[PDB]
Every structure is written in structure tokens, then in C-alpha cells.
Amino acid sequence: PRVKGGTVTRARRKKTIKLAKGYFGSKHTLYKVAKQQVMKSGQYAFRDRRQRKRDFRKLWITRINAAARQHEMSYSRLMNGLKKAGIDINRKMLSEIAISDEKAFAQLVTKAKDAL
Amino acid sequence: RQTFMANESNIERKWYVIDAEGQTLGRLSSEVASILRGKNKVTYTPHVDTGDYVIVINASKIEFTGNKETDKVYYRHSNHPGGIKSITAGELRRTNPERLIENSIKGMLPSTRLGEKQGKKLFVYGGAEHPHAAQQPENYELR
Amino acid sequence: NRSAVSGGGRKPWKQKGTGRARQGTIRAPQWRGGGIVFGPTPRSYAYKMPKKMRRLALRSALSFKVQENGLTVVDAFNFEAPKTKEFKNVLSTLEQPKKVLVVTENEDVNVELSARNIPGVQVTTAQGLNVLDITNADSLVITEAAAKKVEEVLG
Amino acid sequence: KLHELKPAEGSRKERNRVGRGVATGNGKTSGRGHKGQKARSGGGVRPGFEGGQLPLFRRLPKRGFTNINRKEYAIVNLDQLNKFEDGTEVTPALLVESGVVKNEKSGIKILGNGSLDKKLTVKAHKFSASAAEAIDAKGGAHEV
RNA sequence: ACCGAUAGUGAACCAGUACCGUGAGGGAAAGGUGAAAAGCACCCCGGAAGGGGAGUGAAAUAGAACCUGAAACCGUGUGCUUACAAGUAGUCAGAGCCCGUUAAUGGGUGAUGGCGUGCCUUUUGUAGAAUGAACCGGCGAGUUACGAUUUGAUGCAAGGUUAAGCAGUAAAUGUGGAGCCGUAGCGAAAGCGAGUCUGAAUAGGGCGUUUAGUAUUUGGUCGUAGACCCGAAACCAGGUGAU
RNA sequence: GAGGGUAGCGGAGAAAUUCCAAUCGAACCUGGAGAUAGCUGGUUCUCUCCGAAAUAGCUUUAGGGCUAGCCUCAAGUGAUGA
RNA sequence: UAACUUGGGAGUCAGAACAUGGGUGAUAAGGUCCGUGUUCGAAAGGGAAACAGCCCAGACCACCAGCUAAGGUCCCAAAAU
RNA sequence: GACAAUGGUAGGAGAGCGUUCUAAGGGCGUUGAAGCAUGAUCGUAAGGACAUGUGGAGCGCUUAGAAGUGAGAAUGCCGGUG
């Protein structure tokens, strides 16, 4: 029996064009150009997903350092003091309390200095 | 996902004034640049401008170190064949004390769209009097 | 194939001198209207199996038929004229399903002329029992003489 | 039933098709390699050898000849004769019928491998030295 | 358990026709209204083609360039955004503005920040300024026959098994025991035989004493046939040409 | 100018490898024929486990082969491996 | 925690840089030929501005969680003016 | 439950998706099949459903069998359009 093509090639190419909605120029129209951009998009997302965690950790440290400078002490000196007392509070919770309750963060700063 | 972000509707900007009497050119510029970028604020946002305005008085009477009076040269090109110009740091300080301070500070800021705007909040004056009295500038003590 | 299609002896153009793909014939597979490479070819699909294994393939089918209570024995068919209605009635009396296979000791002309227009009804002889027919049929009706002949001739 | 057919387990396997994409494992080169004589359509070298150094069957000499008048005998051992009951006659006309000799090439030869433990009479074309005494040890006789 | 208009004969249509060549010779593209022509009487714009009504028809965007009607490509209107900016055009984070779904920790757009030099082939090594593709659609490459070996399944078992032919529906089944493999090897051979050859001498040594195979079939590989596909410069034979 | 002759293993050449239908170190058409190509190019669906080599010998051999080394699957022996 | 034997199927025979012992060259070459290791080939991630072979380290998938290696803590740019 | 493993070119092994036809069984369809367009849906992948528009007559589902069975590259062939 002769197996002729039809309704299989077209249904598979239109899925790639749908995934490329919103691209510039021919990158959302032509299958060959749009197919290459989808592979690049998938590779970028895998890399950016793991890189996203480093960027947000560096943002918390920057905000913690700025808030600590107002108490005449540094970031590298503050974090050493907390671990002596065993505070065990990460950067994410340290940053949120340093902008919501500025009085609450002052209590932690005093405790770190007491432990030297 | 509970990280706070700052936008144009909840940002307060202030004005500060700094005097450049007897300060090293690069050491004064290093601390000033961190104020324009808002790095000293706790609500710092890398994609939003959160800095403060800076006024620098006494552009002249700024001190160098070593032999930088005649051994520090600034070059530039006019995009023409063979056209290159130069000037020393000592000559630039007394012919144009304002441009000397601006270039050193502006070279410490990122060269992006937001960085090109954060450098527009710096004001440099050769004398000791500034015309921005309608604002509320406060004296700033260097760290 | 390439040689069977009519025409395509010359070369369409010279090997080099112009900017075009090199071609030898107009009937090559990549062309439109050229020969087909590795298509279907006339052959046969039949094959054989050892004789001892064919006997087991029929006894197993008969045993599977008899386990499910699908084998009934009747007397001779003394039909005098070919009548489809009479065969329909005798099937209804025996309470047989829509698919049924009936065997005869020899070729019964009167039985074969009837029952050959009723859907789901087929007739075979005692000697010519098939493997497909036994599996396909829903019920089996056999005469005692044909049953004895099957028991004797078949192992 | 014709609508539930199950072949014997472990008796059917799907074939392998090459040149059908890279995820299969045999996509581009179809298991051939890169840029060789064996990577072209038309085969490689002869099963023996092609070119190169001298083949093995060329550096060795021929040995022997063959005999036109060669005779081959169908061999029947003593243990194979235990089927026949004791005190009976055995003939090449009977060994073939009984299923012991399928093809009588030039004759029947009795070889003494095993144990007889019988009292039968057998005639054949040739006998071995060992099979001669074993037949006559417990009684009986052999005729050529 | 053959094709269904790029397929099947080159030719489903008045095809060896158009057309190309002095000649021998080469050689296409083109199928479809509707059940029924019932193929738009009549009115309006022109010189006409065409269009808007009315009417026939279940349907006229089924109106004869007529069944459905994808993509490339070309035009109209709209929600968000853009004229200080250095871009493999995306991805992650993200205010502002406009909507409301197969109702789910929803959709469209995008002021700004971080990271980021296409795909395939061939190479020690390619963003490479090494090759290939203008774009979209269709077609386009490990197959079959006969033998060998190996693995799995199944029937019988010191036995296993048919070939041609005859009967039977071109039918899967009976008959057909010529034939083939195995049950015993060694030696160039005569020949001997669980033992044979070499040898003066089982003295030693080599190869045997496993002494369970055989018929069919799925899969892997090889051989003979063009043997995964496309591509020569050339050779031979028979003819056509001094417009 | 008109009517004619010489045909490819051949013709014609005041001789240049010049001409024989825009092509000639051997014309054009059809067949052997799907010639041969150790050479370039191409070879179409998706997942899971394991995972090299660019070395020695020989070669009318050097960008090609064969045997050995190194990889994978199945069945076996059982401390023989570092 | 692997080695050995018998069977089915392959690919490979153009290698490169770095450290070390040599020949050759000129105690020249990103030169060429040998011995001994690592990496690339067939390896993404971090550092060396960018930079296959150098240093650290071997990605089953998801998280806006913690401690470390090579290299670093004035601003670009996270961390000691 | 407890532990251990899961980067990969040439290449070896295994389990699977989808298309066309056939046998048997069982279904859908003018109260609307295939095909075509859209959608914010489902599975680890190739892929599978549902609703709405057009369309006007055929088509799926389960177990088996067979193969002209899967396209982005060959200065590929044919048609259309920049």
C-alpha cells in the first residue's frame, strides 16, 4: 500500500509557529527561521533558570549592607556576629525585616555586637 | 516570592552638598558615585533610579598626589585622520575645574541608559556659591 | 524503476559550464515522473509447517469449541428439496447463534444448495475442515456419521 | 477467537530502520562511519581478501588426492541391536525396515561398541574384530 | 491486505498531439457547479467588461477562471508601544495601560536592569572572511529473491523431515520416502574402527571417544543480483548529416 | 548564382590541430547502460542504560584495506583483578 | 571491585595544546620526531577583560534556601577604604 | 522503605509515538463524517482529546497482520509568490 503524506507534516509545523508568537519579523512567520529561535529559547531558559538564583541572592546582600552601614558597622562584620549567636536567619528574611520594621532590625544588630 | 520592589510612585529623592577642600580627586569621586546610584539606600532596585542629587562646591583647590600635576595627560580624538589632542591635569584644573571633576565621577558609573541619566544629577561649580537654594541641600560628611 | 520509464537516455546539460546541479537523466528518483527505487515487487507470501504440527492446530480448535459447549450432534439431514425457510426453522428449533458451521459426511447437494444464502451460515465437509472456519464460527453442528469419520480419519 | 490473537511470548521482534532521524541512533550515517570504502553503496572487499599481502590460502600447499572407487559402509553398533528380541534372524532387509539403517550406502558393517547381552543371529557384509567375539561370546553365529 | 490526478502507461482531456531539430530523434501541461440547466425574466451606473437589487435553487463567497480552500505574499481598520539611541533580535526580572478564559497562584503590550557572536557539513580546531539554502507547498535514499551462520519461539526425539507430481476454490491438506541432516571417527589413499595416523615400536605425539539432534519461523550479519541514493572525463555497436 | 560528389577506424586542408549545421587532439542520435568512481554531496519520529580511537605488523601501500589493541549485548568459570 | 574464556555487531588507522627527559634546528618557531602525565577531541559551569587544550570543578528535573574551591573585597561589580 | 547510579561524538542494546491498508468484534454520522481555522486543555517525549466557525458524506475504537511508514539542507526536481 502507498502511504502518502498529509495532515501530519502540517500539524507538526504549526505547533512550532504557535510557540513563536510575538517574535520580530519573519521569526514568527517562517517555520525554518522560527524553529531555530525556539531551540535557542529553550537553551536560554535552562541557563537563566539557574542564574536567576544567584542574582536574587546578591540583591539581598546589597540591601543588608546598606541598612547595616547606618549602625556604624559593616556587612561582613554583621554576618559574623549573627552566626556567633546562632541566629540562623537567611538573607531573604533579613532584607524583608530591614525595610518593613526598621525597629525590629535594630534589636538583631545589638545582639550581634554583644557576641562580638 | 515576597521580595519587595520599588517603583516611581514610592521613591523620595534628596539633595546633598559636598565641599572639595583638600580632598584627593579619585577618593572624593569614589564615594560620590555610590550616592548617585542609590547604593546607600535600603530599597535599592537595580532597574529603577533611587539615587539622590549631589552638589559639589569648590571644584578648584583640589589636590593631586605625586607628580600628577604634569604627568597626567588626557587624550581625545576628533574622528579625523591624524587629529589627536591632549591636555595635562594641572592645566585642566585651572582652565576648567568643573570638567575635571565631572569626567572622573562619570567614568565610575555604568554606561547604560539608566547610568547615562543618573549622571545628570551631579552639579559641579568652580567657586564656593551655588544657585540651587530653592531646594533643601544638606552638608554631607565623607566617610 | 529507472530503466522501465520511457525516455531519459541523453544528458540534460553538460557537467560544468553553467550554474546548475549536475544531472544525468530526466527519469532519476529525485525528478518528477522518474522511476521508483525499492518499491513493491510481485511475489508470494505462503509458507509451510511440519505435518505433525498441523494436526495439533485442528484438534486444539475442536477442543476449544467443545469446552464452551458449542458442539451439538444431530441425525442425518433427509432434505428432499432445497428450502431456505425449512433450514431457518430447524436452526431456530436447535437454538443456534447467528454464526454456525455444519459438517457433512460427504458433499450433500441438497443441504449445500440451501443454507448458502443465509448470512453467517457456512457448510463444510468432514474431510475438508478448516482451521479458520472452526475459529470463526460461533457454534458447531455435526452429524453422527461425520463425527465418527472425523474421529477416525483425523488423529 | 479471531479478535483476541496473542503470539507466543518472546517470538516476535520489530525490525530496525536506519536513516529516520537522529533520535533513533542510526540517523545520518546509518551505522557506517565517515569517508571510507566501506561507507559507500556497493560493499567493501571480498570475503577472502582483496589486494594487500598474500592470502592465507595462497601461501599453503595442496595436499592429497581423491579416490574414484571409494566405498562407504553404514555402521551399526552392538548396542543398537538390543531392539530385536533374542533368538531371531537379522538381515539387511530387516535393519532398514526396523529403522536402524536409513541409507545403505555400500553395505552393513557391525562395530563392537557397547554390549550385546542377547542371543541373536545377524548377517552383514563386513564385521570388525571386536564385534566378532562379542556376538559369539554369549552364543550365536555370523554369516557374510 | 495494487494507484487514485506531482500517483497510475509518456498519454483519465481527440497525446506521440503542442513544441524544439536539416535529419535520425526528443517530448509536455490540462479531471470535479448542482439531484435536476431549473445557466439569473425584470430595474439602476457604461461605449463595454464589471457591480448592486429582484428571481431559480437546501445553499449563488455552488454564477460555468464554478466541490472543500493551507502557506509564502499583497492591502484596510483597530488595543498597547516607539524620534539621545550601538541591537544573532531571544531569555530571566519588571512598573504602567487595555481585556476576561477549556477558570487557572488568567490573556495582550512593554519604560528599564542582567546574560547572550544562526543552522547543517567537514575538521586537531569554525561567529567564522571554509561549503549549502531567497521564501512557502508537494515529491525525493538499506528493499526483494535465493543460499550461509547466529540468537529467540514452537512440534517431535536416536531420530527429524519433505521435493517435483496428483486431487482440491489460483483455495492450505490429504497423498507422494527419489532425496537431505544426525546417530563414529582417523588416514593423501588402500584400509582400520572407539580407536586411527605417524612411526621398527600407544614408546611418545596429533586428531577422536561431547558420542542430541532435526523441520519451520521473528530479529542481527554475510554472499550472488545495480543492492542506501544522486554525479563523470571515456569505450563499443547500429544509424543520420557537405542547405 | 543553380544543379551535384567526397561521411567519422572517415572526409577536405597554398598546413593553423583548420573545417565537416552557433560545438571537433576526433561530429550528432539511439542502444550495451542503472558502464565504472578506493572520490565529494545527501540519508526523514521520540525517549532510557553503556561508551571509544586517531596505535603495532603487512600491503603496487601511504586521505584504502586486513589481523591485533581499545567499545557494546548474551551465555559460562569463580578470587584468578587494582 | 573488578579480571578471564567462548559466541553476535561495530567504529577507529589526519590528532592538538600544556608540564617534563631527549634527538634534529640555531640551548629559533604556534617547527618536526620519540618516552611519560593532564585536558580538548566527545565537557556544559566559575577565574584568566574577551580567548577549544591554562587554574577550580564533571550538568536527571524543579526552589526568590545554607556552606565552600580556583580567584577576590575603593566605583563600574557581590564581598575589609 | 534504605542505599547506590543517571555529561556525552563514532558505535552496540532495549522500551515506545504517529501514518496507509487487511481480518474479527463493537460503534458514530444530514438532529451533520473527513478536511480546514481559533482557543487560556492533557501526558516524562514523539503526541491525544473537547468547544466554536466553515464543510457537505463518510469515519473512528480494541486485538492481531503487512509495508511505496515519518523530511530543513543533496549549487536536488516541479508549481506559486517576493
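Which one is surrounded by the fewest Cβ atoms within 10 Å (Cβ to Cβ) among residues in segment B:19-59 that are of a type in the set (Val, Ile, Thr) and touching a helix residue (DSSP H, G or I) at 6+ places or on another chain (Cβ under 7 Å)?
Top of the filtered list is B:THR43.
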- Item | Subset of segment C:2-37 that is within 21 Å of A:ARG2 (Cβ to Cβ), surrounded by 10 or more Cβ atoms within 10 Å (Cβ to Cβ) and within 11 Å of RNA strand H (Cβ to nearest atom) - its residue that is nearest to the other protein chains (Cβ to nearest Cβ) | C:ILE36
- Read through the list (1) surrounded by fewer than 16 Cβ atoms within 10 Å (Cβ to Cβ); (2) within 14 Å of chain B (Cβ to nearest Cβ), then give the number of the only condition that A:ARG91 fails. (1)
- Message: Scan segment D:36-44 and tell me whether some residue there is surrounded by fewer than 13 Cβ atoms within 10 Å (Cβ to Cβ) and under 30 Å from C:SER139 (Cβ atoms).
- Response: no
- Among the helices (runs of 4 or more DSSP H) confined wholly to segment A:3-116, which include 1 or more residues that are within 16 Å of RNA strand F (Cβ to nearest atom)? A:9-19, A:31-68
- Task: Within segment D:72-93, track down each residue that is under 21 Å from D:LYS138 (Cβ atoms) and in contact with a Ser or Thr (Cβ under 9 Å, 6 or more places away or on another chain).
- Result: D:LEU78, D:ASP79, D:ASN82, D:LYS83, D:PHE84, D:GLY87, D:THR88, D:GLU89, D:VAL90
- Message: Here are the criteria: (1) surrounded by 13 or more Cβ atoms within 10 Å (Cβ to Cβ); (2) in a loop (DSSP other than H, G, I, E, B). Tell me which single one B:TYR16 does not satisfy.
- Response: (2)
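Just give me the residues in segment D:3-24 being of a type outside the set (D, E, K, R) and within 6 Å of RNA strand F (Cβ to nearest atom), in sequence order. Reasoning before the result, please.
First, pick out the residues of segment D:3-24 that are of a type outside the set (D, E, K, R): D:3, D:5, D:7-8, D:10-11, D:16, D:18-19, D:21-24.
Scanning segment D:3-24 gives D:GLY19, D:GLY21, D:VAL22, D:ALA23, D:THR24.
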- Name the one entry in C:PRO40, C:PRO97, C:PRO50 that is of a type outside the set (S, T, N, Q), within 14 Å of chain A (Cβ to nearest Cβ) and away from RNA strand G (no atom under 16 Å from the Cβ). C:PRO40
- In segment B:21-78, what count of residues is obtained for those that are outside any loop (DSSP other than H, G, I, E, B) and either basic (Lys, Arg) or more than 14 Å from chain A (Cβ to nearest Cβ) (or both)? 25
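What about D:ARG32, is it under 31 Å from the mean Cα position of the chain (by Cα), within 7 Å of RNA strand E (Cβ to nearest atom), more than 30 Å from D:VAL101 (Cα to Cα) and not small (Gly, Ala, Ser)? Quick ask: steps written out before the conclusion?
Working: under 31 Å from the mean Cα position of the chain (by Cα): no; within 7 Å of RNA strand E (Cβ to nearest atom): yes; more than 30 Å from D:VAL101 (Cα to Cα): yes; not small (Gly, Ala, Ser): yes.
Criteria not met by D:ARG32.
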- Message: What pairs come out if I take residues in segment A:45-69 that are within 11 Å of another protein chain (Cβ to nearest Cβ) and pair them with residues that are of a type in the set (A, V, I, L, M, F, W, C) whose C-beta lies under 6 Å away, six or more apart or interchain?
- Response: A:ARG63/B:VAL42; A:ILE64/A:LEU94; A:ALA66/B:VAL42; A:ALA67/A:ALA98; A:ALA67/B:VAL42; A:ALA68/A:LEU78
- Query: So which pairs qualify, if the first residue must be in segment D:1-28 and under 30 Å from C:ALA137 (Cβ atoms), the second must be β-branched (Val, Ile, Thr) and surrounded by 10 or more Cβ atoms within 10 Å (Cβ to Cβ), the Cβ gap must be under 8 Å, and the two must be at least 6 apart or on different chains?
  - Reply: D:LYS1/C:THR135; D:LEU2/C:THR135
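Looking at D:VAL76, D:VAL96, D:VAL18, D:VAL100, which is the one that is within 16 Å of RNA strand G (Cβ to nearest atom) and either within 21 Å of D:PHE127 (Cα to Cα) or in a loop (DSSP other than H, G, I, E, B) (or both)?
On the way: D:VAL76 fails: within 16 Å of RNA strand G (Cβ to nearest atom); D:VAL96 fails: within 16 Å of RNA strand G (Cβ to nearest atom); D:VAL100 fails: within 16 Å of RNA strand G (Cβ to nearest atom).
One residue alone meets the criteria, D:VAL18.
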- Message: Among the residues in segment D:69-86, are any surrounded by 10 or more Cβ atoms within 10 Å (Cβ to Cβ), within 14 Å of chain C (Cβ to nearest Cβ) and within 7 Å of RNA strand E (Cβ to nearest atom)?
- Response: no
- Single unsatisfied condition, C:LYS65 versus (1) near RNA strand F (Cβ under 10 Å from one of its atoms); (2) in contact with a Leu (Cβ under 6 Å, 6 or more places away or on another chain): (1)
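Don't worry about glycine lacking a Cβ; one is built from the backbone with ideal geometry, like all the others, and counts go over all protein chains shown. Read the figures in this text as sums done on the coordinates, not as results from a lab.
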